[PDB]
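*Asks:* Shown below is the structure under consideration.
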Amino acid sequence: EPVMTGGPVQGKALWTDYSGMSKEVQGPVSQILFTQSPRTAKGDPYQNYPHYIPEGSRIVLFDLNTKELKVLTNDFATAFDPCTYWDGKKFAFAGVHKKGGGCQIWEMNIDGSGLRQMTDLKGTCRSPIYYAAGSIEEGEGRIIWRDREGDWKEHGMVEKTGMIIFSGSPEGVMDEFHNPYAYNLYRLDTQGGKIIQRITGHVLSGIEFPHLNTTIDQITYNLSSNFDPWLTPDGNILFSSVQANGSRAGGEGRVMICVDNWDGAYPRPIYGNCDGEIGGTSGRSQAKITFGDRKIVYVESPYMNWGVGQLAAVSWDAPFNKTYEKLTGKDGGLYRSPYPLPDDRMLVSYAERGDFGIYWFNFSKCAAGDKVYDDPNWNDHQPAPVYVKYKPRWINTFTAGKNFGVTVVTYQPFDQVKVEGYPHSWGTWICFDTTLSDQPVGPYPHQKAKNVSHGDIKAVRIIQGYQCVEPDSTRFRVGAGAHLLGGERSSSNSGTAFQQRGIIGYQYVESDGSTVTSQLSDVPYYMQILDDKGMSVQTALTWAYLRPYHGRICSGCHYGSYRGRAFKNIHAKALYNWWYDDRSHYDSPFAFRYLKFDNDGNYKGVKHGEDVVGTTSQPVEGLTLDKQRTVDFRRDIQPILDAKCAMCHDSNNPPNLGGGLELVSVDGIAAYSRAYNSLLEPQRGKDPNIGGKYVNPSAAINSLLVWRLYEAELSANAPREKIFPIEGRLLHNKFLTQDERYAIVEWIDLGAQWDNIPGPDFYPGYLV
Amino acid sequence: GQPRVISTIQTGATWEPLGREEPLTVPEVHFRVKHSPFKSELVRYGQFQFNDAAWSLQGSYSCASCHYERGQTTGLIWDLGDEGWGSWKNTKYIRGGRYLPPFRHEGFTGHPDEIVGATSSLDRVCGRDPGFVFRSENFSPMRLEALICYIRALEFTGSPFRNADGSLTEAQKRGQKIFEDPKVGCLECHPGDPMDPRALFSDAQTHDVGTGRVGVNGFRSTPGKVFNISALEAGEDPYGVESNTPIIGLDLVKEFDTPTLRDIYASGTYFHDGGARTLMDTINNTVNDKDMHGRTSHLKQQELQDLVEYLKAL
Amino acid sequence: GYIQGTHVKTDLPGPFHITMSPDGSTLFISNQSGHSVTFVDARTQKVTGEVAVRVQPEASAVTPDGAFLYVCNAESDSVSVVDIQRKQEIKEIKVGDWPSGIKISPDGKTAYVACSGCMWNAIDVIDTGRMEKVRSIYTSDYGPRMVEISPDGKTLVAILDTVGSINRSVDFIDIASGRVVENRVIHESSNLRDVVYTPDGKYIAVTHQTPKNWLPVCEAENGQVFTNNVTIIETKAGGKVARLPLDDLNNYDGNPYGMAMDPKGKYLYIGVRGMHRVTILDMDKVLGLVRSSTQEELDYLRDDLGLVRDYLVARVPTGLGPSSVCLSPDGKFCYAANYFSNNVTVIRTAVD
Ligand code: HEC
Ligand code: HEC
Ligand code: HEC
Ligand code: HEC
Ligand SMILES: [Ca+2]
Ligand SMILES: [Ca+2]
Ligand SMILES: [Ca+2]
Ligand SMILES: [Ca+2]
Ligand SMILES: [Ca+2]
Ligand SMILES: [Ca+2]
Ligand SMILES: [Cl-]
Ligand SMILES: [Mg+2]
Ligand SMILES: [Xe]
Ligand SMILES: [Xe]
Ligand SMILES: [Zn+2]
């Protein structure tokens, strides 16, 4: 049936219509695959979602007709997350074998034979899906490339099985909630790199598993967990992303439904991450799309880390509040793992009181319909019906994976590091208007501290996030800053919700507000627009990432160009600063290490660093990871405070900056010094997420301290009711040089941390 | 009630387009250097693939959004990513495309690839568009071949501006020998005769006419300089968003493949980047270097207008 | 017959256009590749004949009495006068380059023909009694695609689709005077395929596309390259020009072409050629949005990709390439002409 578009005949659909062809190619459903889990906190750890390893679980095949069940996973200690292939005669899943090896990705024929291990990794693997790239039709494709100034010729052939997109986490890492997992999406070559070689002309770059004849590449660099990938009608990857960055979303963070390319080239929000939207802090997981009415249907859990909850829906074509629905939808129980069929039916895992089972869903009664199968001794979830899946269109990839780009001219793969000689993978990005935003003027860091027009934004600060890794358990403590702004998300490293970060670098902005820059690739980052004093007016709280050689465009600053609105037509100066040279990949300037000012401390220009090292016409700077600069309170700030501040600031004259780097015990926890505890102290009647008395994390321009150091009204947001005292006033603007003052500014804009050097170091800190 | 389809009236014979089959890889697209033997049975399928927006990602647009459905052009000027950013390209007039290879605009100079510039086949033009323009799934061999068949089957419309008698006018003939004047020298790069049906009015070569857009510091510099003199003293905003045509640009090459003068009346916004807004601007030495395109400097307004009228007759 | 712009032969009619008699008993289909016009009885829905005209007709118009059919032959650079009862072409009048459309005056005394040639700006007037071209009305710019006559009959609009232009306008003509009173520019527009009037004559609708030309070509998302739009212009002096989106975020209507206005002006029908479907909109919600919004707010709302769902009635599956649509006088049925499928889709509307 025609869905998105009309077909060749009345009542039939064009091959370009994914939903319609899915309707026509489905066929009758007889057998279904689903996961049976032991009923225990350890047997069904849905409270630890996205990190889910239902130890003792099995995957089973059930016949809707003969009603006889068979366990295919008996050789596995744990198995879950089944996903069927296109033909439906084989399926991929996640689990750990009895022989060991950890939780990995496997695939097996649905008759129970032909088992294969797709992943050997240090970490945990989850929720594999098949993405067919270069494979629409069953058979062998040919591999062709250019001869290194020769012609294009054929070398060999490859069986086309397509690729596998899955979500996985490394070993011994912490997310922004200090949970011991960080999940991200990976693409997997089933043929051992030669599928990518068929598409690109070079094998997949990434981690190779030669024993399994597979190769993996990380397509999503978010510091928090990205989980539960699925397929969009237009051939992209639909999944759930955790945006925890800093103090955003009331210091909580949100789980958003979003899409990205299978190489991770173009991540964009679908629903749930933006203010004014529905669901608040509710967890959003296991999202899938209906074929008939085209509606994204997801599990909305009352708790962010929960995998069970209600069922809600939003239109795929128009993901906005107007199309939001709560599917179930009242009494009395819990729902999980919905699976919309092309015939418009749906399979849900429902628990009336306490125990889940497979049930047909009833859209008229807005609840679970007739029962399929329930064992009382098992929790029955993740229904995966057996039918024919229509392959969504595969999008061209300009990256061969790690360090590897593919030129837009000759379309040949190249290694930016091993060959071209660059210290690290480097992409570019461009914003046509940095002053253009949908956000109002407000105290919160993601909003504007003041009104800014073209010319008011001089430059931009680019910040790289650092993963939280603490091998030594004695030198790290979570909740050390509980009395400070950070609250529960604080730690030994920071008294705020902001984890460890560093400065990628500064880039100038054109008079029309446009800016373009070259920077590191395959690393989490975000940016801040700066005024003529070099302070952040507005902060982008999220983790951006660039694949090698990839550019990324945006119309404005959270303008809606990547969310709810069409690109604004803009003729920008930065466009001509991007690539003008025949001999270059990108002619755009790399991020500068410093900023230089005038006498009074106003913005003068950008200043090169010592990190400067023929495929680009500009000096290559900031690609060396070891040389990346950050601002550490102990190494940088505290000495300045000791020299020029702690003199006349003592217990009698608040804030108390004295005591040096000596730790102070608060609630039985020794983490920071006196000055840090004093400056990070909260204020009555002020949202800690906005800031404290003297410090607003990720806003220097809103901070009382900076207000006093410049002795002026910096923003439209007053830190308190009485700022400058009437009598006994002393001007602080002459106490520091521009370097020290702007060092404090940088420290605050970075999130005002304590330990910015990842892992245990020689500098003072928590010890037990 | 709710709108629905009750019935379909079939006036003519039933026709269905080509299937999806197996999409080509980009190397497979580059693997086709030269045209396949022409097939006139595939032309309609190619027309469909040309006008279809459903094959694209979300259905935003089709080939017909640029090259029209007449198989001519919309005159829209775009910035493509393979030739560099800030380098603008006037949308190509696709009538009578097969008669003058190589394709696109940029010629052999600076293009050893023969893909972006000096394109060897029409296959390398349209075949790449799914991944380099539409950002959608690549074409199958059959659909691509059919598309190219449709493109090659496009013929010139002919100029409306000549007498119903078939002859030329006195103004057009007045301009004809200004055109063919050995010192003006249009015939050099544009050889042809008005009433000769097979005249392509192009040498199919790569020349420097001084239309190369450079930076303020010269070639391979940034930012661009205004190449439009009349617009420059007019006080037009270089980065202005309301202009039909860019008055600035940065080109990766100084030389270009010469287009046909046939149906030049129907190309809006001439040259490569769309620098020339009218035919007159391809002459008066405004948007190009002095006497680098023909020698027109000695000519005065009446002769120039006659020359324009003769151009309209092609 | 020949495929347009080619010397290659085809046996398929390839309908480019459709219209209906004022009594609603007959459908007249212009066959581009068939070089003829198909007659269809609306009641029995089957073909009652095929009338040979000059080569590649792209358009047709029926006299108020319905005794004649004026067909636009594009490549012949002419207009064929056909007897409807006799099923025979009784004359050929010749006009400026590429007529893409023709419309008969309310009194039926005059026919206006839009000459769409790229370098050609003309509207040729034709007396029905003389059955011949009288004079030519020169527009403000090149390539008028289509015209439309007011219910008043005293005003004539022409959509100017101008190659190599980002700003494309609409000309207002005073029929009694016979020249341009005003020219209203649609900004950032291209490919205007149609113009229609509201029954009260207070508004006009124009289907087109909004390119972003000044931006890099990078992705297909959020209409970075092309968005598809319908524009409502208030015929009032100094009236608003409202550019409205036809698109969802992930769903776009490729190349909107034909338009049919509900007799009471309740609904708007838009042929979508690229996506092969008929988009039906609620005109009271659209005009309601126009009246209650300022120019600034509308200009901002043009890029709203969730806005359509407010005024969007339906999107109906059609054959391939529905380049034109028309309505029955009762407005209860909408016919869509499909070029590639060589057929006509019949739609039951919301009107009951
Ligand atoms: C080193 C550069 C510093 C920093 C970072 C601060 N001080 Fe001072 N301070 C002094 C006096 C007499 C006052 C009260 C009178 C007045 O505020 O004008 C202050 C006040 C402050 C504040 C404001 C605290 C509040 O309003 O709650 C802050 C944030 C602050 N200081 C920080 C005196 C001196 C002084 C000479 C005795 C020196 C040297 C410094 N201060 C240095 C610093
Ligand atoms: C060789 C040096 C040439 C001479 C002598 C003439 N022309 Fe030309 N023509 C030439 C080139 C290399 C180009 C394209 C340049 C670019 O930047 O794209 C052209 C183009 C034209 C055009 C426009 C064609 C189009 O836009 O598709 C016209 C109308 C034209 N030329 C006419 C013309 C006249 C009138 C000449 C005598 C004064 C003449 N040409 C000479 C190459 C050369
Ligand atoms: C001004 C600072 C900018 C600029 C120049 C860009 N972005 Fe966007 N960004 C910005 C804000 C205020 C937010 C929301 C912060 C919050 O706490 O809610 C974001 C967020 C994103 C996201 C997450 C999804 C969403 O919120 O819509 C993505 C994805 C994203 N930003 C991408 C992005 C791109 C591609 C840009 C072009 C260079 C870009 N940002 C620029 C503020 C700003
Ligand atoms: C098939 C198909 C074609 N088009 Fe394309 N087109 C566009 C531009 C800006 C240019 C010029 C680029 C340059 O000069 O570097 C072209 C060029 C062509 C040509 C060459 C004709 C010739 O005589 O050399 C052909 C045959 C062609 N194109 C075919 C602009 C666009 C578009 C706007 C973004 C789009 C949508 C488009 N072209 C689409 C297509 C085709 C559909 C796959
Ligand atoms: Ca159960
Ligand atoms: Ca540390
Ligand atoms: Ca370009
Ligand atoms: Ca050529
Ligand atoms: Ca042109
Ligand atoms: Ca003509
Ligand atoms: Cl934006
Ligand atoms: Mg993309
Ligand atoms: Xe960002
Ligand atoms: Xe549809
Ligand atoms: Zn947002």
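In the structure tokens, chains take letters A, B, ... by order of appearance, with residues numbered from 1 within each chain and ligands from 1 in the order shown.
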Could you please extract the residues within 12 Å of ligand 6, counting only C-alpha atoms and all ligand atoms, and hand them back as JSON, numbers by chain?
*Replies:* {"A": [466, 467, 468, 469, 470, 471, 472, 475, 476, 477, 491, 492, 493, 494, 499, 500, 501, 632, 633, 634, 635, 671, 753, 754, 755, 756, 757, 758, 759, 760, 761, 762, 763, 764, 765, 766, 767]}
*Asks:* Take the residues just selected and output them with N, CA, C and O atoms as a CSV table (one decimal), in the first residue's frame.
*Replies:*
```csv
chain,number,residue,atom,x,y,z
A,466,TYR,N,36.7,15.7,28.8
A,466,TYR,CA,37.6,14.6,29.2
A,466,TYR,C,36.8,13.5,29.9
A,466,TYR,O,36.2,13.8,30.9
A,467,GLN,N,36.9,12.3,29.4
A,467,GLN,CA,36.3,11.1,30.0
A,467,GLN,C,36.8,11.0,31.5
A,467,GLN,O,37.9,11.2,31.7
A,468,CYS,N,35.9,10.5,32.4
A,468,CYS,CA,36.3,10.4,33.8
A,468,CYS,C,36.8,9.0,34.0
A,468,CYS,O,36.1,8.0,34.0
A,469,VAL,N,38.1,8.9,34.3
A,469,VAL,CA,38.8,7.6,34.5
A,469,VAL,C,39.6,7.7,35.7
A,469,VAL,O,40.6,8.4,35.8
A,470,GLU,N,39.3,6.9,36.7
A,470,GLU,CA,39.9,6.8,38.0
A,470,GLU,C,40.3,5.4,38.4
A,470,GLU,O,39.5,4.8,39.1
A,471,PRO,N,41.5,4.9,38.0
A,471,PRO,CA,41.9,3.6,38.3
A,471,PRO,C,42.1,3.4,39.8
A,471,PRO,O,41.8,2.4,40.3
A,472,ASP,N,42.7,4.4,40.4
A,472,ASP,CA,42.9,4.3,41.9
A,472,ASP,C,41.6,4.7,42.6
A,472,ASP,O,41.1,5.8,42.4
A,475,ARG,N,42.0,7.5,45.6
A,475,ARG,CA,42.2,9.0,45.3
A,475,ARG,C,41.0,9.7,44.7
A,475,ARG,O,41.1,10.8,44.4
A,476,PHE,N,39.9,8.9,44.6
A,476,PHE,CA,38.7,9.5,44.0
A,476,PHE,C,37.5,9.3,44.8
A,476,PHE,O,37.2,8.1,45.3
A,477,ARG,N,36.7,10.3,45.0
A,477,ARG,CA,35.4,10.2,45.9
A,477,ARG,C,34.3,11.0,45.2
A,477,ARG,O,34.4,12.1,44.9
A,491,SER,N,32.1,15.8,42.8
A,491,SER,CA,33.1,14.7,43.1
A,491,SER,C,34.4,15.4,43.6
A,491,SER,O,34.5,16.6,43.9
A,492,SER,N,35.5,14.5,43.7
A,492,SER,CA,36.8,15.0,44.2
A,492,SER,C,37.4,15.9,43.1
A,492,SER,O,38.2,16.8,43.4
A,493,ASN,N,37.0,15.7,41.9
A,493,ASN,CA,37.5,16.5,40.8
A,493,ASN,C,36.9,17.9,40.6
A,493,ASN,O,37.5,18.8,40.2
A,494,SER,N,35.6,18.0,41.0
A,494,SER,CA,34.9,19.2,40.8
A,494,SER,C,33.8,19.4,41.8
A,494,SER,O,33.1,18.5,42.2
A,499,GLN,N,32.2,17.9,34.7
A,499,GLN,CA,33.4,17.1,34.8
A,499,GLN,C,34.6,17.7,34.2
A,499,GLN,O,34.6,18.9,33.8
A,500,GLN,N,35.7,17.0,34.1
A,500,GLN,CA,37.0,17.5,33.7
A,500,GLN,C,37.0,17.9,32.2
A,500,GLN,O,36.5,17.1,31.3
A,501,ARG,N,37.5,19.1,31.9
A,501,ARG,CA,37.5,19.6,30.5
A,501,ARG,C,38.8,20.3,30.2
A,501,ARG,O,39.6,20.6,31.1
A,632,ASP,N,43.7,24.4,35.6
A,632,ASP,CA,43.6,23.7,36.9
A,632,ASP,C,43.6,24.7,38.1
A,632,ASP,O,44.5,25.5,38.1
A,633,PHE,N,42.7,24.5,39.0
A,633,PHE,CA,42.6,25.4,40.1
A,633,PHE,C,43.8,25.4,41.0
A,633,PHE,O,44.3,26.5,41.4
A,634,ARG,N,44.4,24.2,41.2
A,634,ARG,CA,45.6,24.1,42.0
A,634,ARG,C,46.8,24.6,41.4
A,634,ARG,O,47.7,25.2,42.0
A,635,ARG,N,47.0,24.3,40.1
A,635,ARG,CA,48.2,24.6,39.4
A,635,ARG,C,48.2,26.1,38.9
A,635,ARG,O,49.3,26.7,38.9
A,671,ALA,N,38.6,17.3,50.3
A,671,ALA,CA,38.7,17.4,48.9
A,671,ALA,C,39.4,18.6,48.4
A,671,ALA,O,40.5,18.5,47.8
A,753,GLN,N,36.2,23.8,37.8
A,753,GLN,CA,36.5,22.5,38.4
A,753,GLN,C,37.6,22.7,39.4
A,753,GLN,O,38.1,23.8,39.6
A,754,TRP,N,38.0,21.6,40.0
A,754,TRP,CA,39.1,21.5,41.0
A,754,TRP,C,40.3,20.8,40.3
A,754,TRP,O,41.4,21.3,40.2
A,755,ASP,N,40.1,19.5,40.0
A,755,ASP,CA,41.1,18.7,39.3
A,755,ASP,C,40.7,18.6,37.9
A,755,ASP,O,39.7,17.9,37.5
A,756,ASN,N,41.4,19.3,37.0
A,756,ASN,CA,41.2,19.2,35.5
A,756,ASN,C,42.1,18.2,34.8
A,756,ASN,O,42.0,18.1,33.6
A,757,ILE,N,43.0,17.6,35.6
A,757,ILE,CA,43.9,16.6,35.0
A,757,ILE,C,43.4,15.2,35.3
A,757,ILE,O,43.4,14.8,36.5
A,758,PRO,N,42.9,14.5,34.3
A,758,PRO,CA,42.3,13.2,34.4
A,758,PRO,C,43.2,12.2,35.1
A,758,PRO,O,44.4,12.2,34.9
A,759,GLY,N,42.6,11.4,36.0
A,759,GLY,CA,43.4,10.4,36.7
A,759,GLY,C,44.1,10.9,37.9
A,759,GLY,O,44.2,12.2,38.1
A,760,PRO,N,44.7,10.1,38.8
A,760,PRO,CA,45.5,10.5,39.9
A,760,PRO,C,46.8,11.2,39.5
A,760,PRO,O,47.5,10.8,38.6
A,761,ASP,N,47.0,12.4,40.1
A,761,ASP,CA,48.2,13.2,39.8
A,761,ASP,C,48.9,13.6,41.0
A,761,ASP,O,48.5,13.3,42.1
A,762,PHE,N,50.0,14.4,40.9
A,762,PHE,CA,50.9,14.8,42.0
A,762,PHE,C,50.3,16.0,42.8
A,762,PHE,O,50.6,16.2,43.9
A,763,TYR,N,49.3,16.7,42.1
A,763,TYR,CA,48.7,17.8,42.8
A,763,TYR,C,47.8,17.4,43.9
A,763,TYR,O,47.1,16.3,43.8
A,764,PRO,N,47.6,18.2,44.9
A,764,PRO,CA,46.8,17.9,46.1
A,764,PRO,C,45.4,17.5,45.8
A,764,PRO,O,44.8,18.0,44.8
A,765,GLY,N,44.8,16.6,46.6
A,765,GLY,CA,43.5,16.1,46.4
A,765,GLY,C,43.1,15.1,47.4
A,765,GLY,O,43.8,14.8,48.4
A,766,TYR,N,41.9,14.4,47.1
A,766,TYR,CA,41.3,13.4,48.0
A,766,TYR,C,42.2,12.2,48.1
A,766,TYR,O,42.7,11.7,47.1
A,767,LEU,N,42.5,11.8,49.4
A,767,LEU,CA,43.2,10.5,49.6
A,767,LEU,C,42.7,9.8,50.9
A,767,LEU,O,42.5,10.5,51.9
```
*Asks:* With 8 Å as the limit and counting only C-alpha atoms, what residues in chain B lie close to chain A? Please list them as a ChimeraX atom specification.
*Replies:* /B:8,15-17,19-28,30-31,54-55,57-58,81-87,113,115-116,131-132,135-138,220-224,239-241,249-252
*Asks:* Counting only C-alpha atoms and all ligand atoms, what residues are within 6 Å of ligand 9, given as an mmCIF file with N, CA and C atoms, in the first residue's frame?
*Replies:*
```cif
data_model
loop_
_atom_site.group_PDB
_atom_site.id
_atom_site.type_symbol
_atom_site.label_atom_id
_atom_site.label_comp_id
_atom_site.auth_asym_id
_atom_site.auth_seq_id
_atom_site.Cartn_x
_atom_site.Cartn_y
_atom_site.Cartn_z
ATOM 1 N N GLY B 75 18.403 28.514 -13.990
ATOM 2 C CA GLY B 75 19.314 29.635 -13.859
ATOM 3 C C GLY B 75 19.780 29.841 -12.429
ATOM 4 N N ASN B 90 26.923 28.416 -12.009
ATOM 5 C CA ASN B 90 25.668 28.553 -12.738
ATOM 6 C C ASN B 90 25.166 27.181 -13.189
ATOM 7 N N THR B 91 23.886 26.907 -12.947
ATOM 8 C CA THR B 91 23.296 25.620 -13.316
ATOM 9 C C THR B 91 23.340 25.415 -14.826
ATOM 10 N N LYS B 92 23.877 24.272 -15.236
ATOM 11 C CA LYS B 92 24.132 23.994 -16.643
ATOM 12 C C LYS B 92 22.866 23.836 -17.480
ATOM 13 N N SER B 267 19.458 30.527 -21.557
ATOM 14 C CA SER B 267 20.270 30.474 -20.347
ATOM 15 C C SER B 267 20.136 31.800 -19.626
ATOM 16 N N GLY B 268 19.586 31.778 -18.422
ATOM 17 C CA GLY B 268 19.608 32.972 -17.608
ATOM 18 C C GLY B 268 20.969 32.991 -16.954
ATOM 19 N N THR B 269 21.556 34.175 -16.781
ATOM 20 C CA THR B 269 22.779 34.285 -15.993
ATOM 21 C C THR B 269 23.938 33.453 -16.570
ATOM 22 N N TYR B 270 24.628 34.030 -17.547
ATOM 23 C CA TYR B 270 25.696 33.356 -18.288
ATOM 24 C C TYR B 270 27.048 33.192 -17.569
#
```
*Asks:* Could you work out how far CA of residue 24 (chain C) lies from CA of residue 43 (chain C), giving the answer in Å with one decimal?
*Replies:* 9.2 Å
*Asks:* What residues in region 66-254 of chain C get the DSSP label strand (DSSP E or B)? Please answer as a ChimeraX atom specification.
*Replies:* /C:68-73,78-83,88-94,99-104,110-115,122-127,132-137,144-149,155-160,168-174,179-186,190-197,203-211,216,226-234,241-245
*Asks:* Compile a residue-level contact table for chain C against chain A at a cut-off of 9 Å, reporting for every qualifying residue the shortest atom pair and its distance in Å to one decimal, with only C-alpha atoms counted, rows ordered by chain and ascending number, as a tab-separated table.
*Replies:*
```
residue	atom	partner	partner_atom	distance
C:188	CA	A:569	CA	8.7
C:211	CA	A:569	CA	8.2
C:212	CA	A:569	CA	5.1
C:213	CA	A:569	CA	7.2
C:214	CA	A:571	CA	5.1
C:215	CA	A:570	CA	6.4
C:216	CA	A:575	CA	7.9
C:218	CA	A:553	CA	7.9
C:219	CA	A:266	CA	8.5
C:221	CA	A:562	CA	8.0
C:222	CA	A:566	CA	4.7
C:223	CA	A:566	CA	5.3
C:224	CA	A:567	CA	5.1
C:225	CA	A:567	CA	8.2
C:227	CA	A:566	CA	7.6
C:248	CA	A:318	CA	5.5
C:249	CA	A:318	CA	5.4
C:250	CA	A:317	CA	4.6
C:251	CA	A:317	CA	5.3
C:252	CA	A:317	CA	8.9
C:275	CA	A:5	CA	5.6
C:276	CA	A:6	CA	5.2
C:277	CA	A:6	CA	5.9
C:302	CA	A:566	CA	8.5
C:303	CA	A:566	CA	4.9
C:304	CA	A:565	CA	5.1
C:305	CA	A:565	CA	5.5
C:306	CA	A:318	CA	5.8
C:309	CA	A:318	CA	8.1
C:310	CA	A:322	CA	8.9
C:315	CA	A:5	CA	8.8
C:316	CA	A:6	CA	7.9
C:317	CA	A:6	CA	4.4
C:318	CA	A:6	CA	4.8
C:319	CA	A:6	CA	5.8
C:320	CA	A:8	CA	6.6
C:340	CA	A:8	CA	8.9
C:341	CA	A:8	CA	6.8
C:345	CA	A:10	CA	8.8
```
*Asks:* Write out, as CSV, each residue of region 198-265 of chain B that has an atom at most 10 Å from region 153-174 of chain B, together with the closest pair of atoms and their distance in Å to one decimal, counting only C-alpha atoms, rows going by chain and rising number.
*Replies:*
```
residue,atom,partner,partner_atom,distance
B:262,CA,B:156,CA,7.1
B:263,CA,B:158,CA,6.0
B:264,CA,B:159,CA,8.6
B:265,CA,B:159,CA,7.3
```
*Asks:* May I have the residues within 6 Å of ligand 2, computed using only C-alpha atoms and all ligand atoms, as a ChimeraX atom specification?
*Replies:* /B:179,184-186,188-189,207-209,211,256-259,261,270-272,279,282-283,293-296
*Asks:* Would you put the residues from that selection into a file with N, CA and C atoms, as a compact mmCIF listing (two decimals), in the first residue's frame?
*Replies:*
```
# COMPACT_ATOMS: atom_id res chain seq x y z
N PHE B 179 30.15 39.65 -35.04
CA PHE B 179 30.49 38.37 -34.43
C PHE B 179 31.64 37.70 -35.16
N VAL B 184 37.48 41.00 -33.81
CA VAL B 184 36.64 40.64 -32.67
C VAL B 184 36.93 39.19 -32.31
N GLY B 185 36.85 38.32 -33.31
CA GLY B 185 37.30 36.95 -33.18
C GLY B 185 36.47 36.04 -32.31
N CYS B 186 35.15 36.09 -32.48
CA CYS B 186 34.27 35.18 -31.76
C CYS B 186 34.31 33.79 -32.38
N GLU B 188 36.67 32.11 -33.34
CA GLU B 188 37.82 31.33 -32.90
C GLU B 188 37.42 30.24 -31.92
N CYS B 189 36.82 30.64 -30.80
CA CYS B 189 36.37 29.67 -29.81
C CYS B 189 34.90 29.27 -30.00
N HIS B 207 39.78 27.27 -22.38
CA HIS B 207 40.42 28.56 -22.62
C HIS B 207 40.44 29.44 -21.37
N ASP B 208 41.32 30.43 -21.37
CA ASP B 208 41.30 31.47 -20.35
C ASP B 208 40.71 32.74 -20.95
N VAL B 209 39.47 33.04 -20.57
CA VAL B 209 38.79 34.24 -21.03
C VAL B 209 38.84 35.37 -20.00
N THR B 211 37.69 35.10 -16.93
CA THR B 211 36.51 35.01 -16.08
C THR B 211 36.80 34.30 -14.77
N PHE B 256 38.16 27.39 -18.29
CA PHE B 256 36.89 26.67 -18.34
C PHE B 256 36.58 26.11 -19.73
N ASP B 257 35.75 25.07 -19.76
CA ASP B 257 35.27 24.48 -21.01
C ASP B 257 34.21 25.37 -21.66
N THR B 258 34.39 25.69 -22.93
CA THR B 258 33.50 26.61 -23.64
C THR B 258 32.14 25.98 -23.93
N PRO B 259 31.07 26.65 -23.48
CA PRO B 259 29.68 26.22 -23.73
C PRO B 259 29.21 26.56 -25.14
N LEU B 261 26.73 28.24 -27.92
CA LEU B 261 25.97 29.48 -27.98
C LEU B 261 24.55 29.22 -28.44
N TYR B 270 24.63 34.03 -17.55
CA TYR B 270 25.70 33.36 -18.29
C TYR B 270 27.05 33.19 -17.57
N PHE B 271 28.03 32.75 -18.36
CA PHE B 271 29.33 32.21 -17.95
C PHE B 271 29.25 31.01 -16.99
N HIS B 272 30.28 30.83 -16.17
CA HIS B 272 30.34 29.65 -15.29
C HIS B 272 29.71 29.87 -13.91
N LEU B 279 23.25 39.07 -21.68
CA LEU B 279 24.14 38.77 -22.79
C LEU B 279 25.16 39.88 -22.97
N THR B 282 28.48 39.73 -21.26
CA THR B 282 29.48 38.78 -21.75
C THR B 282 30.37 39.45 -22.80
N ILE B 283 30.12 40.74 -23.00
CA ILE B 283 30.69 41.51 -24.10
C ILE B 283 31.39 42.76 -23.59
N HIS B 293 37.86 38.14 -23.34
CA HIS B 293 36.80 37.44 -24.06
C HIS B 293 36.47 38.27 -25.29
N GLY B 294 36.94 37.82 -26.46
CA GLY B 294 36.83 38.62 -27.67
C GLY B 294 37.65 39.89 -27.54
N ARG B 295 37.69 40.72 -28.59
CA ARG B 295 38.10 42.10 -28.38
C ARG B 295 36.92 43.02 -28.71
N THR B 296 36.25 43.49 -27.67
CA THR B 296 35.09 44.36 -27.83
C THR B 296 35.34 45.84 -27.53
```
